[PDB]
K.L.:
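I am attaching a structure below and will ask some questions about it afterwards.
Residue numbering restarts at 1 for every chain, and letters A, B, ... go by the order of the sequence lines.
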4 protein chains.
Amino acid sequence: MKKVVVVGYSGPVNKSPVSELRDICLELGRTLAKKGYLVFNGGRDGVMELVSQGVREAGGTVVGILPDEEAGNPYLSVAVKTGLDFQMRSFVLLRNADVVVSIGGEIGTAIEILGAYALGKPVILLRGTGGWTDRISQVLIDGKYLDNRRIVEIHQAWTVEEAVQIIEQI
Amino acid sequence: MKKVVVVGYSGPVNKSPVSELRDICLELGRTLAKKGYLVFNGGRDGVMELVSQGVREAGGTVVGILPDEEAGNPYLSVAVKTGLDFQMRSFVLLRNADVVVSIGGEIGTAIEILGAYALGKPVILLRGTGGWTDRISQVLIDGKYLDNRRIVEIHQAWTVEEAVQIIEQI
Amino acid sequence: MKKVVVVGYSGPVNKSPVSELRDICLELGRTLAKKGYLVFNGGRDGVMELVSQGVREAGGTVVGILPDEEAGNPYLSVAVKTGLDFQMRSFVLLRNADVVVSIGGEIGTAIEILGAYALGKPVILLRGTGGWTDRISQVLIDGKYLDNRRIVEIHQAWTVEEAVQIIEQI
Amino acid sequence: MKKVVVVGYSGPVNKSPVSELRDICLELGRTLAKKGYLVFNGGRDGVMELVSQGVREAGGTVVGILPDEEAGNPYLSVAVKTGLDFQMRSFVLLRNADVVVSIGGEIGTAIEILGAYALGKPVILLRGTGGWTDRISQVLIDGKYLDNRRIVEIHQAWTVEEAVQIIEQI
C-alpha cells in the first residue's frame with residue numbers, strides 16, 4: 001500500500017552507465033516487492049527497467065507513468081499513458097510517491113529529485129551510484145535540504161538495505 | 001491486453017441518478033473482468049465506483065486516474081494521482097483507452113465522450129442510462145459522428161451484452 | 001479589462017465553412033477591441049484568425065494560447081506557447097476568460113463550449129454561424145444549461161452587436 | 001521579437017532576500033525593454049515583480065504566466081492564467097524562451113534552470129545574486145553543463161550589462 005517512486009538513468013539497460021548498476025537495481029526492485037510496497041517509475045528503460053524487472057521477479061506490482069508516445073519497458077504491471085512530455089510526466093509521477101529513491105541519473109532525474117522536494121516528498125539518494133544522485137549531494141543546505149524553506153529532508157543511503165531501512169524508518 | 005475506459009455519472013452511489021444504474025454498472029464491470037480487459041476510469045464515486053466494484057468482484061484489475069491528489073473509490077486495484085484538475089485528468093484518462101463506454105454522466109462525462117472522439121477513440125454509448133450518454137445521441141452527424149471530420153464512430157448499445165459484443169467486434 | 005475568449009472553426013481561412021463568417025468574425029474582433037476588451041483565442045487559423053485580424057485592424061490586443069509548438073496566426077499581439085496538446089491548451093485558454101464567445105466550430109470548439117460551462121464561464125453562442133455553436137443550442141436544459149448542476153448560463157445572440165451587449169450586461 | 005524569460009525568488013518585494021536585489025532587478029528589466037526584448041516571467045511577486053516594474057517603466061512589454069488562476073503582479077502587460085501548479089506552469093513558461101536569465105531563487109528557480117537546460121534553452125546566471133543562481137554554479141560539468149549530454153551551455157554574468165551582452169552574442 002505504501003508507494004515508493006524510483007528514479008534514475010534512462011537509456012540502454014546493457015550499456016554504461018546503467019549496466020554497472022544492474023545488481024543494485026535488481027536488489028532494490030526485489031526488496032521493495034518483498035516488503036509489499038507498490039512501485040512507481042517513469043516507465044522507460046535504464047534503471048527504470050531493471051528495478052521493474054526486480055519487482056516483477058519477486059511478484060510485486062510496478063506501475064509506469066509514461067511520457068507522450070512511449071510504450072514502456074516489458075516488466076510493467078501497468079503502463080499508464082499520459083500524453084505529457086518528459087518533465088510534466090515526472091510531476092504526475094511524483095504525486096504518486098510517499099517516498100522517492102534515486103539511482104544515478106542525468107537531467108531528468110535531477111528535475112525529479114528537486115521536484116520531489118518541492119512537493120514535500122522524502123527523497124533517499126542511493127549514494128555511490130553516480131550521476132545526479134551523487135552530484136546533488138554536494139549542494140545540500142545543512143546536508144539535508146534543497147532550498148531555504150527546508151520543505152522535506154533529503155536522505156542518504158549507501159546500500160539498498162540501508163535505503164529500505166530508511167523508508168521503514170519513515 | 002485490451003484497455004477499456006468507462007465514464008459516467010459521479011456522485012453518491014446510493015442515490016439517483018446513479019442508484020438506478022446499479023445492476024448495469026455491476027454487470028458491465030464483471031463482464032469486462034471475465035473477458036480479461038484492463039479497466040480504466042476517473043476513479044471517483046458514482047458509476048465509476050460501481051463498475052470498479054464489479055471488476056474487482058470478478059477478480060479483474062481496474063485502474064483509477066484521479067484529479068489532483070484525491071483518494072478514489074475503495075475498489076481500485078491501483079489509484080493514480082495526477083495533480084491535474086477534473087478536465088485535464090480526463091484527457092490523460094482517454095490516452096489509456098482502446099475503447100470508451102459511457103453510462104449517463106453530467107458535463108464531465110460529456111467532455112470525455114467528446115474528448116474520446118477527438119482522440120480517435122471508439123465510443124460505445126450505453127443508451128437508456130440517461131444523462132449525456134442519451135443526450136449526445138440526439139446530435140450525431142449521420143448518426144455516427146460528433147463532427148464533420150468523422151474521426152471515429154460513436155457506437156450505441158442498449159445492453160451490457162450488446163456493449164461488450166461491440167468491443168469484441170472492435 | 002474584461003477578458004473575453006473567442007473560439008470557433010479552425011482551418012483554411014478562405015474556404016467553407018469559415019470564409020462565409022468572414023464578416024461576423026472580423027466585426028466581432030473590431031467591436032471587442034473598440035469596446036476596450038482584451039481578447040484570447042486558440043491562436044491558430046479559421047475563425048480564430050479573422051477575429052485576431054479584426055482586433056488588430058481596430059488597434060486592440062489579442063493574445064493567442066498555442067498548442068505545443070505551433071506558430072500562431074500573424075495577427076497575435078502575443079503568441080503564448082504551452083507544450084500541451086489541443087484539448088489541454090484549450091483548458092488553459094478558458095482560464096483566461098470572463099466570458100466566452102462561440103462562432104461555428106467542430107469538435108475542438110464543442111469541447112471548449114462544454115469546458116467553459118464546467119469552469120463556470122458564461123458562454124455566448126453567436127447563432128447562425130453553424131458548426132457546434134448552433135448544434136449545441138438544440139440540447140440545452142431549460143434552454144440555458146449544459147448539465148443538471150446549472151453551473152452558469154449559456155447565452156444566445158444572433159448578432160455581434162447583440163453579443164457584446166450581453167457581455168456588457170454581464 | 002526575441003523572447004527572454006527571467007526567473008528568480010518569489011515572496012514580498014520589500015523584504016529579504018529579494019529587497020537586496022532591487023537595483024539589479026530594475027536594471028535588468030529596464031535594459032531588456034530598452035533593447036526591445038519581449039519579457040516573460042512567472043507573474044508573481046519577488047524578483048518577477050521588480051523585473052516587470054523595470055520593463056514597464058521603460059515602456060517595454062512583459063507577459064506573466066500564472067500558476068492556477070492567480071492574479072499576478074500589477075506590472076504585467078498581459079497576465080496569462082493556466083490552471084496549472086507551480087512546476088508545470090514553469091514548463092509552459094520555459095517554452096516561451098529563446099534565453100533564460102536567473103536571479104537568486106529557491107527550489108522553483110532551480111527547477112526552472114534545470115528545466116531550461118533539458119529543453120535546450122540557453123541560461124544566463126546573474127551571479128552574486130545568491131540563492132540557486134549561485135549555488136548551481138558549483139556543480140557545472142566542464143564549467144558549462146548540467147548533465148553529460150551537454151544539451152546547452154549555462155552562461156554566467158556578474159552584471160546586467162554583461163548579461164544582455166551575452167544574449168546579444170546569441
Side-chain angles (χ1 to χ4, degrees), chain B residues 87 107 110-111 113-119 132 136 138-142 145-152 154, chain C residues 4-29 32 39-54 62 64-67 70 72-73 85-94 96-97 99-119 121-140 146 154-160 163:
Chain B
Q87 278 60 68
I107 199 73
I111 292 172
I113 291 170
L114 261 52
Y117 170 91
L119 296 181
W132 267 98
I136 195 61
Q138 302 310 299
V139 286
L140 300 167
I141 298 162
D142 296 304
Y145 308 106
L146 258 357
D147 90 351
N148 296 134
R149 302 208 200 75
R150 299 111 187 299
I151 304 173
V152 58
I154 302 302
Chain C
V4 47
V5 162
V6 296
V7 285
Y9 287 128
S10 62
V13 115
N14 16 55
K15 293 158 230 178
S16 296
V18 34
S19 59
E20 301 76 37
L21 289 329
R22 164 169 236 74
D23 307 308
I24 24 285
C25 290
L26 288 158
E27 193 195 340
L28 171 63
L32 279 173
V39 175
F40 292 77
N41 55 54
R44 295 273 304 316
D45 58 354
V47 179
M48 295 169 246
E49 188 176 337
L50 290 175
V51 175
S52 289
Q53 184 202 336
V62 48
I65 311 307
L66 289 152
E70 299 175 47
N73 71 66
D85 57 47
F86 285 95
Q87 277 59 66
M88 291 182 307
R89 175 259 339 226
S90 287
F91 283 100
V92 354
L93 193 231
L94 287 170
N96 288 280
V99 66
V100 174
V101 179
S102 185
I103 295 177
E106 290 303 335
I107 200 71
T109 301
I111 293 171
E112 293 169 329
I113 291 169
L114 265 54
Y117 171 94
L119 296 180
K121 312 289 192 176
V123 172
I124 301 172
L125 309 178
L126 196 53
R127 312 289 265 86
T129 59
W132 267 101
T133 300
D134 280 334
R135 191 177 300 107
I136 197 63
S137 70
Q138 301 309 300
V139 290
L140 298 167
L146 259 358
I154 299 300
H155 303 77
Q156 291 179 60
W158 293 82
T159 254
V160 179

K.L.:
Backbone N or O of C/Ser19 within a donor-acceptor pair of the C/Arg22 side chain at under 3.5 Å?
P.N.:
no

K.L.:
For the residue pair C/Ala97 and C/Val5, what are the closest heavy atoms and their distance?
P.N.:
CB-CG2, 3.3 Å

K.L.:
Ignoring hydrogens, what is the shortest heavy-atom contact between C/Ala110 and B/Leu114? Give both atom names and the distance.
P.N.:
CB-CD2, 3.6 Å

K.L.:
Can you measure from CG (C/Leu93) to CE (C/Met88) and round to the nearest 0.5 angstrom?
P.N.:
13.5 Å

K.L.:
Go through the steps to decide whether C/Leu50 and C/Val13 satisfy the test side-chain contact (heavy atoms from CB on, under 4.5 Å), and finish with yes or no.
P.N.:
CA-CA 8 Å; C/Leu50 290 175; C/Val13 115; 3.8 Å; yes

K.L.:
Roughly how far, to the nearest 0.5 Å, is the CG atom of C/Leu66 from the CZ atom of C/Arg44?
P.N.:
8.5 Å

K.L.:
To the nearest 0.5 Å, how far apart are CD in C/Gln87 and CD1 in C/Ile107?
P.N.:
8.5 Å

K.L.:
Considering all heavy atoms of both residues, which atom of C/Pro67 and which atom of C/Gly42 are nearest to each other, and what is their separation?
P.N.:
CD-O, 4.2 Å

K.L.:
Quick one: are B/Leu119 and C/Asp85 in side-chain contact, heavy atoms under 4.5 Å?
P.N.:
no

K.L.:
Ignoring hydrogens and angles, tell me if any N or O in the side chain of C/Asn73 forms a donor-acceptor pair with the backbone of C/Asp45 under 3.5 Å.
P.N.:
no

K.L.:
Could you measure the distance from the CG atom of C/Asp134 to the OG atom of C/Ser102? Nearest 0.5 Å is fine.
P.N.:
9.0 Å

K.L.:
For C/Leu26, is there any backbone N or O sitting under 3.5 Å from a side-chain donor or acceptor partner on C/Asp23?
P.N.:
no

K.L.:
Judged by atom type as modelled, is there a donor-acceptor pair below 3.5 Å linking the side chain of C/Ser137 to the main-chain atoms of C/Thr133?
P.N.:
no

K.L.:
Under 4.5 Å between any side-chain heavy atoms of B/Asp142 and B/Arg150, yes or no?
P.N.:
yes

K.L.:
Is the backbone N or O of C/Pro17 less than 3.5 Å from a side-chain atom of C/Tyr9, with the two atoms forming a donor-acceptor pair by type?
P.N.:
no

K.L.:
If we check side chain to side chain contact (heavy atoms under 4.5 Å, CB included) with C/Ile154, which of these qualifies: C/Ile136, C/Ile124, C/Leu146, C/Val100?
P.N.:
C/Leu146

K.L.:
Any side-chain to backbone donor/acceptor pair from B/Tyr117 onto B/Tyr145? Under 3.5 Å, distance only.
P.N.:
no

K.L.:
Between the side chain of C/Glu112 and the main-chain N/O of C/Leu94, is any donor-acceptor distance below 3.5 Å?
P.N.:
no

K.L.:
Of the non-hydrogen atoms in C/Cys25 and C/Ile103, which two are nearest, and what is the gap between them?
P.N.:
SG-CD1, 3.9 Å

K.L.:
Give me the atom names and distance for the closest heavy-atom approach of C/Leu140 to C/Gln156.
P.N.:
CD1-NE2, 3.5 Å

K.L.:
Distance check, rounded to the nearest 0.5 Å: C/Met48 atom CE versus C/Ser10 atom OG?
P.N.:
5.0 Å

K.L.:
Taking all heavy atoms of C/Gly115 and all of B/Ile111, pick out the closest pair and write down the distance.
P.N.:
CA-CD1, 4.1 Å

K.L.:
Rounded to the nearest 0.5 Å, what's the gap from CG on B/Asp147 to CZ on C/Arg135? Could you check?
P.N.:
8.0 Å

K.L.:
Please examine the side chains of C/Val6 and C/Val39, heavy atoms only from C-beta on, and report whether any two atoms are closer than 4.5 Å.
P.N.:
yes

